[PDB]
Colleague: 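Below are the structure tokens for one structure; questions will follow.
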Amino acid sequence: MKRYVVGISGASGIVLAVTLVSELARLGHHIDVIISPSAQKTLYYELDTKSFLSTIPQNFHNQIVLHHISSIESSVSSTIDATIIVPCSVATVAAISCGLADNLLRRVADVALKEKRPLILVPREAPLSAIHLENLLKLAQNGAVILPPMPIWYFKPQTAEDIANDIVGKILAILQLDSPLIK
Amino acid sequence: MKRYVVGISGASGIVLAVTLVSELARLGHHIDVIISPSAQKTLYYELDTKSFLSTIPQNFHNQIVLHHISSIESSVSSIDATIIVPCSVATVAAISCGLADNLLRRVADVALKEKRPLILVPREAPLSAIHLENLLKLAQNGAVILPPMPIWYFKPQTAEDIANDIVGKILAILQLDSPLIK
Amino acid sequence: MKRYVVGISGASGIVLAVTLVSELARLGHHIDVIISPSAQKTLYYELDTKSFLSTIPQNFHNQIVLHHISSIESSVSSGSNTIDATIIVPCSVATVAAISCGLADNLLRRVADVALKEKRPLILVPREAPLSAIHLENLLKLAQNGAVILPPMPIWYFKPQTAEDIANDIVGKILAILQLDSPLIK
Amino acid sequence: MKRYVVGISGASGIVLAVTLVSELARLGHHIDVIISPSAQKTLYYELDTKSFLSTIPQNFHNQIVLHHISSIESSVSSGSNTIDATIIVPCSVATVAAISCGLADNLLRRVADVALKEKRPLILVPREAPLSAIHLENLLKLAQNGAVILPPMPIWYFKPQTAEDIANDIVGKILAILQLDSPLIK
Amino acid sequence: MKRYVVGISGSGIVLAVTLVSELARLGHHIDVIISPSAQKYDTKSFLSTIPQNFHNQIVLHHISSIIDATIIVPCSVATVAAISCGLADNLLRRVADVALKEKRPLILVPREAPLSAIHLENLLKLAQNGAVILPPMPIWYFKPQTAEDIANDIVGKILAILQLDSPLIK
Amino acid sequence: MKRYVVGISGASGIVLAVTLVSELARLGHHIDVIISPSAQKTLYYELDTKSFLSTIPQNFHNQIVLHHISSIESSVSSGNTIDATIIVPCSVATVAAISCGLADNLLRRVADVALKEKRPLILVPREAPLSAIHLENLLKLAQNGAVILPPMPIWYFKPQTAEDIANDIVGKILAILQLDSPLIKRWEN
Amino acid sequence: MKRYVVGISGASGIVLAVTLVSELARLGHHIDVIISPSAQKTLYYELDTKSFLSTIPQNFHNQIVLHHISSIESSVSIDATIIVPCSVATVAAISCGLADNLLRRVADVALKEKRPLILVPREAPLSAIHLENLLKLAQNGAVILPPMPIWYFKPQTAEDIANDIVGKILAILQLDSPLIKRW
Amino acid sequence: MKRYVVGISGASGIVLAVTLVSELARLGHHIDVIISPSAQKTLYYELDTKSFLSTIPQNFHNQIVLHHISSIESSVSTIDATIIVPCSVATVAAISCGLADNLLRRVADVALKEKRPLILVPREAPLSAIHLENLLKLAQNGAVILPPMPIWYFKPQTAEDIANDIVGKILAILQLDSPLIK
Amino acid sequence: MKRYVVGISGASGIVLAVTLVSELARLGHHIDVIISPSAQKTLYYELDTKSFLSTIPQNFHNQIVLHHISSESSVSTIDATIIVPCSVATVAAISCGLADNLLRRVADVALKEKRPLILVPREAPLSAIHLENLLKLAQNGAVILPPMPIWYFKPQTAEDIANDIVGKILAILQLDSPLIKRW
Ligand SMILES: Cc1cc2nc3c(=O)[nH]c(=O)nc-3n(C[C@H](O)[C@H](O)[C@H](O)COP(=O)(O)O)c2cc1C
Ligand SMILES: Cc1cc2nc3c(=O)[nH]c(=O)nc-3n(C[C@H](O)[C@H](O)[C@H](O)COP(=O)(O)O)c2cc1C
Ligand SMILES: Cc1cc2nc3c(=O)[nH]c(=O)nc-3n(C[C@H](O)[C@H](O)[C@H](O)COP(=O)(O)O)c2cc1C
Ligand SMILES: Cc1cc2nc3c(=O)[nH]c(=O)nc-3n(C[C@H](O)[C@H](O)[C@H](O)COP(=O)(O)O)c2cc1C
Ligand SMILES: Cc1cc2nc3c(=O)[nH]c(=O)nc-3n(C[C@H](O)[C@H](O)[C@H](O)COP(=O)(O)O)c2cc1C
Ligand SMILES: Cc1cc2nc3c(=O)[nH]c(=O)nc-3n(C[C@H](O)[C@H](O)[C@H](O)COP(=O)(O)O)c2cc1C
Ligand SMILES: Cc1cc2nc3c(=O)[nH]c(=O)nc-3n(C[C@H](O)[C@H](O)[C@H](O)COP(=O)(O)O)c2cc1C
Ligand SMILES: Cc1cc2nc3c(=O)[nH]c(=O)nc-3n(C[C@H](O)[C@H](O)[C@H](O)COP(=O)(O)O)c2cc1C
Ligand SMILES: Cc1cc2nc3c(=O)[nH]c(=O)nc-3n(C[C@H](O)[C@H](O)[C@H](O)COP(=O)(O)O)c2cc1C
């Protein structure tokens with residue numbers, strides 16, 4: 001029974017976080033989830049709800065703890081098998097690359113780097129400027145896994161859901177879990 | 001009319017290049033297409049065809065010119081925009097180094113040399129420090145770094161919807177009106 | 001049974017590849033071997049043969065798969081497929097250069113680039129002398145990206161007698177890094 | 001007798017390599033020549049032959065050995081065989097890039113990398129215009145590693161009249177770098 | 001009628017003469033700035049090299065006197081050095097600096113060989129700040145016959161970057 | 001007669017220093033030799049003697065001067081005209097010291113002197129694997145003009161014995177010194 | 001049983017090395033200990049003894065091997081290497097690769113073999129020169145663990161502060177120990 | 001009365017250290033002196049003595065305290081300035097690296113750490129790129145880099161005139177008034 | 001007969017240039033001498049004369065050619081170039097590539113052709129800006145040779161110190177001269 005921290009930042013593609021958290025729980029693990037106010041908006045615009053938990057089957061709720069973005073005092077903010085920021089806005093990328101650990105989402109990423117525990121970042125921004133590429137580079141040189149949501153067309157997806165599933169499968173493979181989402 | 005150069009490199013997502021060349025042809029423009037041998041393989045694994053032109057409406061073919069990857073002597077290697085789509089990280093690395101030793105890499109080098117639009121659509125994951133360093137260098141030298149990332153706020157339903165919206169973003173950066181843009 | 005990728009680049013010392021692949025098979029493992037055209041020439045000039053398989057005892061051949069240098073579509077070329085460690089032995093400065101730049105445009109360079117981006121073990125056995133500033137910068141950059149830089153340095157405190165002893169003990173160090181127990185290790 | 005290696009890469013100005021090799025042979029020296037496939041095409045479009053030897057007096061052919069571009073096993077591929085200087089002329093930016101990376105995966109690139117590692121003279125005659133930041137960075141790195149960067153720029157204070165005058169003066173400056181006495185120097 | 005600045009830095013003044021007069025033949029205005037180093041003859045005045053009917057279109061400036069594009073041709077390494085440092089302390093240098101400061105075209109035609117690491121670093125820095133680095137490379141696949149052919153094709157390369165049309169462009 | 005400095009640093013392969021010094025003296029040259037305390041240990045472990053001079057034919061001793069590692073006042077610690085300086089073998093620690101300019105014993109000083117006078121310095125560094133820290137020091141030294149010559153065996157010369165491999169490595173050193181020695185071999189076809 | 005190397009360099013806080021070794025031995029492990037000459041001075045000024053082993057319960061002495069600092073040829077020269085306390089001079093040497101005594105050598109071997117290396121550097125203020133060396137060592141895999149007091153554990157005594165600092169070392173070694181405390 | 005630290009490193013020019021310490025004591029100041037083993041050798045070769053105090057008038061000895069090089073414990077390890085003179089490139093290298101593993105290197109490190117004056121009088125010729133980088137690094141961290149350059153515009157006649165005016169330059173940097181400054 | 005360029009920049013120590021030129025001429029060599037306007041005044045202050053040639057023996061004048069700092073000249077192949085003394089302004093100009101007078105050009109030509117360039121900079125203290133310029137020139141092949149007295153030769157007179165410094169220059173020139181003494 002592994003323990004994961006999933007930080008959800010306000011970039012497009014919150015379905016990726018929904019799918020990842022569902023599958024992590026369906027495989028029996030524990031997830032601490034931190035939703036930023038911008039991801040809260042993205043949740044409404046992209047998935048038509050204001051409750052992240054309503055997107056997750058109810059029997060898995062005892063495996064998910066929501067933490068408020070301001071709780072830098074929380075016990076995730078100080079053991080954890082991996083931390084995943086998905087989706088990850090370039091503003092959150094910039095903060096983590098600076099060390100600017102002044103909310104809980106940014107703190108859990110800094111803690112993963114400080115303890116050399118896995119930190120997977122799923123940035124979504126296009127086009128990518130030189131400023132953002134330099135922050136991404138700096139994070140990769142400090143051991144962050146940089147995993148943009150790149151569709152895998154040789155699995156010949158038919159639906160949008162297929163494309164999301166295969167992207168989450170790649171996150172799970174980086175996490176070294178066996179999931180049927182991995183092709 | 002406008003003239004475009006589309007280099008197709010051996011990353012996943014050839015459907016993106018099909019869609020782009022198809023729409024550019026449909027708008028009345030000319031496209032010089034350069035297909036790498038790796039892209040020729042990906043064309044088979046992803047679109048179950050060994051002929052690139054068999055995926056474009058036959059009426060458009062008089063607007064498309066296929067160039068062999070080794071024709072470094074070619075006329076395009078001396079104009080409106082150059083698009084490498086999809087773009088492997090090996091081809092990213094070659095362009096970032098200036099290693100213009102085939103026709104695809106040379107048309108990219110020429111765009112950077114002349115300050116003409118170069119759009120790269122790199123696809124790889126994860127992206128290591130080596131590839132990010134190459135990406136950064138190209139962005140600093142004026143290349144538009146446009147990874148094919150799905151636009152979920154358009155609420156796509158099909159895989160084809162996702163490819164169409166990605167290509168719409170390329171068309172928008174080329175500042176062309178197109179139904180593929182939202 | 002573990003799975004290993006062995007890239008054979010055209011530097012001097014192909015005997016190192018031969019004895020490494022042979023020992024990996026003898027311990028029961030599976031080896032995917034990628035031979036560059038230059039290493040194919042070095043095999044001839046150094047081992048007087050044109051067939052790499054001809055240097056491996058025959059019962060081991062079922063555990064070895066040869067892959068063409070151009071087969072970038074190979075299943076070993078995907079990160080999805082789990083490899084225990086990738087060894088480029090011997091490794092030319094040309095291939096060091098390509099890997100350090102990200103120039104993953106043949107299968108040998110690609111399997112090395114795949115191990116880097118997946119943070120799986122990549123052992124390079126570079127052989128060149130002298131080492132120029134340009135080579136040392138490429139090696140430095142690969143070490144900073146997690147590759148193990150293992151030049152084939154003779155181990156003289158094992159008091160070798162024959163040229164084969166020097167080679168065996170170099171391969172013993174590769175096997176030590178791989179976390180394997182082997183009679184080649186001292 | 002001194003021994004030179006001349007690498008001919010696919011940039012414009014193949015006449016410079018003809019003139020240099022002819023003069024080096026006239027002066028009695030030995031020249032190993034490596035013509036890339038792109039330079040073969042430039043030879044036809046600029047000098048209307050497909051045979052580099054045809055542009056040199058036949059009485060000098062005994063001082064010249066042509067090597068295929070893929071022949072990285074050639075004697076001039078090793079640092080053990082002493083070369084007095086290596087000249088890449090003309091030099092495309094693709095080849096500058098390869099040499100600046102250490103990408104020694106053909107004989108022309110290998111020849112240049114061997115000069116840098118042995119610290120023997122390497123003269124590059126790069127031709128491209130304009131020069132982008134990417135290309136200038138490669139040139140810079142090569143100059144910092146000891147390469148002589150000699151772009152083929154006309155020497156107008158000699159008041160050339162003909163195109164051949166300009167080519168001859170430029171080759172004169174290479175020979176001056178080689179510290180060779182020659183009537184093409186002024 | 002466009003307005004071009006041609007700065008003549010201290011070998012290869014034939015390139016500047018060829019550019020200025022072709023710009024003039026195309027109906028444009030040229031502000032020429034000649035360094036003392038470039039004034040150092042086989043002719044006394046630079047205006048004597050341009051056809052006289054073009055003279056109303058050309059204005060000479062003293063280099064010690066405190067716009068579509070700026071071309072420095074030929075361009076010495078000291079002038080490259082000064083511009084790359086921001087050392088805008090004569091008229092030639094500060095008109096180059098103005099073009100870099102306003103993101104206007106600056107075409108540099110350096111004629112030094114060999115190029116040492118110090119000069120390459122200055123060129124690189126200028127390229128990274130948007131200057132066009134255009135060394136005078138003969139084009140050869142045009143099969144030039146005279147020295148005059150080679151000069152004209154080099155100037156045609158300048159005009160092409162200026163996005164002008166001219167029979168010098170081949 | 002040329003004049004050489006051989007520094008013997010405490011890494012594996014002291015047979016390389018024995019072979020080089022012997023061949024330099026056979027050619028008729030003079031060698032100032034400096035042996036670190038670590039190399040003295042390695043001499044014992046690898047060659048089973050505590051006397052470096054016992055490994056060299058006695059008729060050559062008149063061409064060889066041993067210097068104590070702490071004699072920074074020695075004649076060879078001053079930029080006296082030396083034709084080449086070789087540290088063989090060369091530990092990564094000594095590489096580190098030289099690359100920092102930490103010229104606080106005679107072996108490191110002799111290397112610093114070669115660098116400041118732009119006279120040849122050959123380093124025969126031996127260590128495996130090489131970390132990023134060591135690669136960076138090696139890089140720095142190469143950019144400052146040191147020849148970085150790790151003792152890579154030369155298998156295209158089809159060696160049969162350990163001695164063959166050592167001899168060919170020393171032959172590569174002699175080829176960089178631009179000396180004409182039978183230990184040097186050259187590539188063929 | 002695991003095997004540890006504890007290098008003791010001449011910085012203030014030698015109590016930290018006493019505590020770490022005692023507890024590692026109490027858990028059943030083997031410790032090779034290297035004391036620099038300056039740490040022997042520090043041991044005298046701070047703990048009033050010239051015998052490191054006089055500070056360790058005698059039943060643990062069979063698990064401890066003391067090495068001389070000049071024994072560069074030692075068999076040590078496996079599970080983790082801790083330099084505690086670590087002087088800035090030792091930080092400087094290790095960051096340079098100046099592996100010219102046994103203490104500097106075992107740290108360099110840890111970095112070369114990519115085994116754990118924990119440095120407990122003690123110096124204040126930290127100049128730019130020392131920060132640069134610390135940065136380099138962190139970028140090459142070393143764990144940089146300055147002996148920062150953990151005040152939210154509300155210590156009463158100086159011993160409390162030393163125990164919690166060692167407990168953090170133990171946590172990084174992924175050992176379980178009654179010195180460790182959870183926030 | 002002010003307090004100075006004078007480290008004597010093993011480069012040529014130990015007369016400068018003798019002249020400096022003796023003049024600081026003549027002004028009534030206190031000097032802690034640290035002599036490296038190498039400087040002990042150069043004392044012998046350059047000044048025909050094996051006792052540093054023998055070069056100083058005996059009446060000033062009560063203001064001078066000698067410290068062993070290995071004595072990294074010491075109250076010197078409140079100080080008005082620290083002067084390493086002469087300073088070998090090896091000592092420059094150690095200080096630039098933070099290799100504070102003897103008392104001379106340590107007092108220099110302490111001055112840098114506390115932002116107190118550190119004057120280095122390095123003596124070596126030529127200065128290689130390695131030495132210049134270390135010098136640069138030290139200047140960037142606030143050390144004063146004072147190579148012992150003869151002041152010819154004072155028209156010296158003797159070797160002692162040259163050494164005196166060099167020390168006068170140190171004294172000036174120390175903000176002291178002395179007849180050694182012209 | 002070798003051919004030297006000696007550039008005389010405006011800094012203290014022109015006696016070094018005087019005794020270098022006369023020793024080069026005494027050995028039978030040819031010297032092109034370039035004297036800056038600032039060096040001419042230092043010549044009168046330090047040597048009590050307006051005429052550089054009045055400090056050189058008249059038998060040597062036929063081996064010396066004086067060039068004006070403002071001149072197109074032919075020194076724009078040489079066995080070596082020495083800038084002695086070398087002011088910080090001259091060092092800065094050469095390190096920037098600012099080759100806009102004959103003295104700067106001759107130094108630039110030496111670097112471009114990879115021929116010996118010896119700089120004798122005389123500034124104390126050396127600021128970070130000046131050390132950076134010096135560093136850049138040493139990396140580009142220039143020999144940085146400050147006039148450092150050689151006290152282990154136990155000089156007695158000011159001229160002794162000056163002659164031994166020029167001896168070091170002559171050693172770097174690989175000239176066998178009786179001004180050179182050896183350790
Ligand atoms: C629907 C929606 C989608 C967004 N998508 C992205 C995106 O894909 N990439 C990005 O950089 N910002 C995106 N943004 C803007 C980010 O929310 C913005 O940078 C924000 O301040 C980041 O906040 P956070 O990272 O703390 O959650 C999006 C905003 C909205 C409302
Ligand atoms: C089916 C298939 C999919 C591939 N997808 C990618 C990819 O997404 N990204 C990548 O960098 N390489 C990918 N490759 C490998 C590249 O094609 C390979 O590195 C090649 O040498 C690049 O050459 P090119 O860029 O000239 O086409 C793929 C290969 C195959 C066969
Ligand atoms: C017999 C032989 C030995 C060689 N040894 C080396 C070597 O030790 N190091 C090296 O960098 N190149 C060596 N080469 C040259 C390389 O083969 C050449 O750089 C080649 O292009 C590298 O290709 P690869 O890395 O793709 O195999 C050798 C070539 C031959 C024929
Ligand atoms: C006629 C002709 C002239 C060329 N001139 C140049 C040139 O001047 N500079 C350049 O970078 N490439 C030039 N190229 C293209 C290069 O050949 C191309 O970059 C090639 O891949 C370089 O390969 P190579 O240097 O190994 O021959 C030219 C090509 C042709 C057909
Ligand atoms: C005949 C002659 C030709 C010259 N050619 C060049 C040249 O080709 N490249 C260069 O950098 N300097 C050349 N110079 C010297 C430059 O003019 C020198 O760098 C000058 O000081 C720069 O001043 P300016 O750029 O302000 O004109 C030449 C000088 C003369 C007399
Ligand atoms: C038998 C033996 C072999 C050694 N081999 C090496 C070696 O190959 N590489 C290395 O870096 N250190 C090696 N060492 C350790 C070094 O000698 C150690 O770092 C030493 O302090 C270097 O000192 P020196 O260079 O001043 O002689 C070896 C030690 C011994 C006892
Ligand atoms: C007479 C004599 C003069 C020396 N002069 C210098 C010198 O001028 N510069 C230098 O860097 N080293 C010089 N050295 C050698 C240094 O003492 C040597 O590098 C030493 O290891 C540095 O130790 P230290 O600076 O800690 O005293 C000299 C040695 C002697 C015997
Ligand atoms: C009682 C005492 C306490 C010390 N504390 C420190 C310290 O906290 N930090 C430090 O960098 N040096 C400290 N030192 C000085 C170091 O021991 C000195 O820098 C030495 O050169 C480092 O030696 P090492 O190789 O054992 O690390 C202390 C010395 C003494 C005597
Ligand atoms: C009497 C006198 C002595 C000078 N001494 C020096 C000196 O020792 N070092 C220095 O950098 N500048 C010195 N200068 C000032 C420089 O000459 C000044 O920077 C000058 O403008 C540089 O020009 P030049 O070196 O090309 O002649 C001195 C000036 C004068 C009047």
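Protein chains get the first letters and strands the later ones, always in sequence-line order, with residue 1 at the start of each. These values consider heavy atoms only, across backbone and side chains, with no hydrogens, waters or symmetry-generated copies.
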Colleague: First locate atom CG of I/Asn140, then atom CD of E/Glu121, and finally report the distance between them rounded to the nearest 0.5 Å.
Modeller: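 Answer for the CG-CD pair, I/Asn140 versus E/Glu121, is 8.0 Å.
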
Colleague: Are the side chain of E/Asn122 and the backbone of I/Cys96 linked by a donor-acceptor contact shorter than 3.5 Å?
Modeller: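 Yes; at least one donor-acceptor contact below 3.5 Å.
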
Colleague: Is it the case that over 12 heavy atoms from other parts of the model lie below 6.0 angstrom from the CD atom of E/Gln57?
Modeller: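 Atom CD in E/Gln57 is packed in, count exceeds 12.
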
Colleague: Contact part of I/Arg104 toward chain E, heavy-atom cut-off under 4.5 Å: side chain, backbone, both or neither?
Modeller: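 Neither the backbone nor the side chain of I/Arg104 comes within 4.5 Å of chain E.
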
Colleague: Just wondering, more than 12 heavy atoms not from E/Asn53 lying within 6.0 Å of its CG?
Modeller: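 Yes, enclosed.
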
Colleague: Just wondering, are more than 12 heavy atoms of other shown residues or ligands nearer than 6.0 Å to NZ in I/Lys2?
Modeller: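 No, the 6.0 Å shell around NZ holds no more than 12 heavy atoms from other groups.
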
Colleague: For the atom pair OG1 (E/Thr79) and CG (I/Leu98), what is the distance rounded to the nearest 0.5 Å?
Modeller: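 Going from the OG1 atom of E/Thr79 to the CG atom of I/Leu98 covers 8.5 Å.
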
Colleague: Does I/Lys181, at its NZ atom, have more than 12 non-hydrogen atoms belonging to other residues, nucleotides or ligands within less than 6.0 Å?
Modeller: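 Atom NZ in I/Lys181 is packed in, count exceeds 12.
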
Colleague: Where does I/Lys136 contact chain E at under 4.5 Å (heavy atoms): side chain, backbone, both or neither?
Modeller: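 Side chain only.
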
Colleague: Which atoms of I/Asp100 are under 4.5 Å from chain E, going by heavy atoms: the side chain, the backbone, both sets, or neither?
Modeller: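 Backbone plus side chain of I/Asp100, per the 4.5 Å heavy-atom cut-off to chain E.
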
Colleague: Is it true that atom CG of E/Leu47 has more than 12 heavy atoms of other residues, nucleotides or ligands lying nearer than 6.0 Å?
Modeller: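 Above 12, so yes.
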
Colleague: Heavy-atom distance under 4.5 Å to chain E: side chain of I/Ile94, backbone, both or neither?
Modeller: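 Interface part for I/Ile94: backbone (N, CA, C, O).
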
Colleague: Applying a heavy-atom distance below 4.5 Å, give me the residues of residues 108-117 of chain E that approach chain I, sorted by number.
Modeller: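 Answer by number: E/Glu112, E/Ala113, E/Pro114, E/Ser116, E/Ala117.
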
Colleague: Distance check, rounded to the nearest 0.5 Å: I/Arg105 atom CZ versus E/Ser76 atom OG?
Modeller: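 So the gap between those two atoms works out to 6.0 Å.
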
Colleague: Would you mind reporting whether I/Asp108 and E/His119 have side-chain heavy atoms less than 4.5 Å apart?
Modeller: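 E/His119 reaches I/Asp108 side chain to side chain.
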
Colleague: Sequence neighbours left out, what passes side-chain hydrogen bond (donor to acceptor under 3.5 Å, both in side chains) with E/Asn90? Give chain and number order.
Modeller: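 Expected list: none.
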
Colleague: More than 12 foreign heavy atoms under 6.0 Å from CD of I/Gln174: is that the case here?
Modeller: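 No.
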
Colleague: Taking everything shown except I/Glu113 itself, do over 12 heavy atoms lie less than 6.0 Å from its CD?
Modeller: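 Enclosed: over 12 neighbouring heavy atoms sit under 6.0 Å from CD of I/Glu113.
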
Colleague: Does atom NZ of E/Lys40 have more than 12 heavy-atom neighbours from other groups under 6.0 Å away?
Modeller: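 More than 12 heavy atoms, drawn from other residues, nucleotides or ligands, come within 6.0 Å of this atom.
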
